[PDB]
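Please read the structure below before turning to the comments.
Keep in mind that the numbers below use all heavy atoms, side chains included, and drop hydrogens, waters and symmetry copies. Numbers here are sequence positions counted from 1. Each ligand, and each atom within it, is numbered from 1 in the order the structure gives.
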Amino acid sequence: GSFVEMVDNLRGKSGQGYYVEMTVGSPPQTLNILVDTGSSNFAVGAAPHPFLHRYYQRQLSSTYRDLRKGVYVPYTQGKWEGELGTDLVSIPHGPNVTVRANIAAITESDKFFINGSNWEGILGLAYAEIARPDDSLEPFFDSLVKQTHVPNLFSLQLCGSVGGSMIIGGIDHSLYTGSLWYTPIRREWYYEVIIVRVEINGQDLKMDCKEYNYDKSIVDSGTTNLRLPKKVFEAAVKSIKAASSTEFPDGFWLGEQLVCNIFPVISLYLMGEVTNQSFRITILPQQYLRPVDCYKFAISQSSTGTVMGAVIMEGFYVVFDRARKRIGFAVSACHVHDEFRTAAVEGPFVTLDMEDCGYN
Ligand SMILES: Cn1c(N)nc([C@H]2C[C@H]2c2ccccc2)cc1=O
């Protein structure tokens with residue numbers, strides 16, 4: 001319940017993700033590694049791309065083993081491609097273990113590394129089902145749990161240069177206030193959850209909740225914003241527009257221009273652990289209005305579903321309880337609040353037909 005060694009082990013810059021220090025090979029080579037709950041490959045810079053501070057030098061590692069296979073990863077607006085192998089991996093500000101993990105040595109990329117960023121690789125923390133090239137390539141966390149006695153969970157306190165904590169194998173009670181509330185992981189592929197109701201300021205959207213999860217709702221540290229299906233984003237914006245009648249152009253709502261409280265709180269009710277029981281997590285404009293005093297509207301549309309990104313996660317201590325296929329949310333001890341409104345996790349609530357909120 002206390003892991004001081006791991007507190008404050010995350011750094012980053014706004015909009016460029018949160019990274020943890022890791023070492024790969026023998027002797028250990030230090031890299032900064034982006035923490036990504038929305039993918040499942042451990043992949044690292046292995047060549048002197050000009051944006052890279054450093055990169056994995058396989059020729060220096062006695063423990064490197066070639067898998068003699070490639071892997072090609074296109075994503076929304078970019079790509080990476082690499083060469084698979086395994087090597088010894090540790091986390092200096094994490095548990096005192098060393099694991100043999102799969103590593104993709106990145107040898108070609110496009111719009112993947114960021115000019116001016118301070119990380120050199122990515123740690124995919126989601127499940128094997130979305131691993132590349134297929135589900136046979138064991139994700140890092142699976143390897144860590146299989147080879148050591150680290151419990152099958154991790155938790156994230158994303159604070160917002162930004163800071164935070166990744167507690168590997170446990171929960172640190174100093175990182176949150178009040179109680180953790182858990183929502184089931186619906187399917188172990190992404191960290192998929194079911195949103196059951198949406199309020200802005202207090203007002204239900206009265207949408208068929210099946211929409212809120214079309215075709216997915218995921219928890220993703222690798223995304224900055226809260227991302228909504230269009231049909232849901234359309235209605236969501238509509239009410240935030242009306243909630244904010246006192247004062248902005250139409251492009252601002254599409255995040256096509258920047259804007260330099262009158263803003264409503266956003267509540268998502270998540271499926272609870274018990275039949276007909278839910279809970280709600282409440283966030284602020286502080287969360288969906290991120291400084292770029294110009295701010296970007298941090299809610300946007302998706303064809304792949306709801307994405308609960310740093311906009312949501314920075315409100316809360318988030319527990320990825322893999323052992324029990326559930327994700328816990330508590331008010332984060334670091335979240336940024338004013339004197340009037342603070343982020344909230346409240347339950348229980350009575351919500352019927354929560355099964356119908358998910359898409360098959
Ligand atoms: C939202 N998202 C997430 N979570 N992961 C990826 C994986 C491609 C790798 C990635 C992570 C972070 C930044 C850029 C690329 C793509 C991506 O678009």
Side-chain angles (χ1 to χ4, degrees), residues 10-12 15-20 22 31-46 49 51-53 55-56 70-75 78-84 102-110 112-135 137 139-141 154 156 158 162 164 166 185 187-193 215-229 233 255 290 296 298-314 318 320 327:
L10 295 174
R11 286 289 181 273
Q16 289 169 198
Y18 289 76
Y19 57 83
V20 71
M22 296 179 84
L31 302 162
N32 283 158
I33 306 294
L34 189 308
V35 170
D36 184 15
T37 66
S39 67
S40 305
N41 285 86
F42 182 38
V44 297
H49 189 288
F51 302 170
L52 296 174
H53 287 84
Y55 51 92
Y56 181 28
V71 55
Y72 181 98
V73 188
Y75 51 93
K79 110 205 176 37
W80 67 263
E81 180 181 48
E83 299 171 8
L84 296 174
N102 296 313
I103 309 173
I106 300 168
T107 53
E108 195 177 329
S109 62
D110 173 65
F112 178 68
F113 300 119
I114 292 164
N115 201 198
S117 87
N118 195 217
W119 54 267
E120 293 85 61
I122 182 179
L123 179 66
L125 282 174
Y127 299 96
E129 204 180 316
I130 45 164
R132 235 60 85 169
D134 57 67
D135 63 356
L137 182 73
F140 170 80
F141 208 89
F154 69 88
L156 296 174
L158 274 22
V162 308
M166 171 172 61
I185 298 167
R187 168 142 84 75
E188 305 170 298
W189 56 323
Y190 300 90
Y191 291 102
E192 191 193 0
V193 300
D215 57 349
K216 250 162 43 251
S217 297
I218 66 175
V219 184
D220 182 14
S221 63
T223 295
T224 308
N225 290 170
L226 169 58
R227 304 188 57 216
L228 272 44
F233 169 87
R290 37 180 245 86
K296 196 192 172 295
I299 308 179
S300 66
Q301 332 170 66
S302 157
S303 72
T304 49
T306 304
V307 180
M308 299 169 63
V311 160
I312 295 299
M313 295 190 67
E314 289 173 10
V318 184
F320 290 82
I327 292 161

Self-check item: Identified side-chain contact (heavy atoms from CB on, under 4.5 Å) partner of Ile106 from the options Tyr56, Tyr55, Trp80
Solution: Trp80
Self-check item: Of all pairs that satisfy salt bridge (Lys or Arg N to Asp or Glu O under 4.0 Å), the ones with a partner from residues 114-126, not counting sequence neighbours
Solution: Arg54-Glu120
Self-check item: Residue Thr223 vicinity, atoms of ligand 1 by number, heavy atom under 4.0 Å
Solution: 1 (C)
Self-check item: Which segment of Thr37 sits under 4.0 Å of ligand 1 when only heavy atoms are counted
Solution: neither
Quiz prompt | Short N or O distance, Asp36 and ligand 1, threshold 3.5 Å exclusive | solution = yes
Quiz item: If you count the atoms of ligand 1 from 1 in the order shown, which ones are under 4.0 Å from a heavy atom of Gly222?
Solution: 1 (C), 4 (N)
Quiz item: Is any N or O atom of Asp220, backbone or side chain, closer than 3.5 Å to an N or O atom of ligand 1?
Solution: yes
Quiz prompt | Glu129: partners by salt bridge (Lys or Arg N to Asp or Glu O under 4.0 Å), with sequence neighbours left out | solution = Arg187
Quiz item: Taking the six-membered ring for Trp, are the ring centroids of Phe141 and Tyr127 within less than 6.0 Å of each other?
Solution: no
Self-check item: Flag for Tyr18-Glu314: side-chain donor and acceptor within less than 3.5 Å
Solution: yes
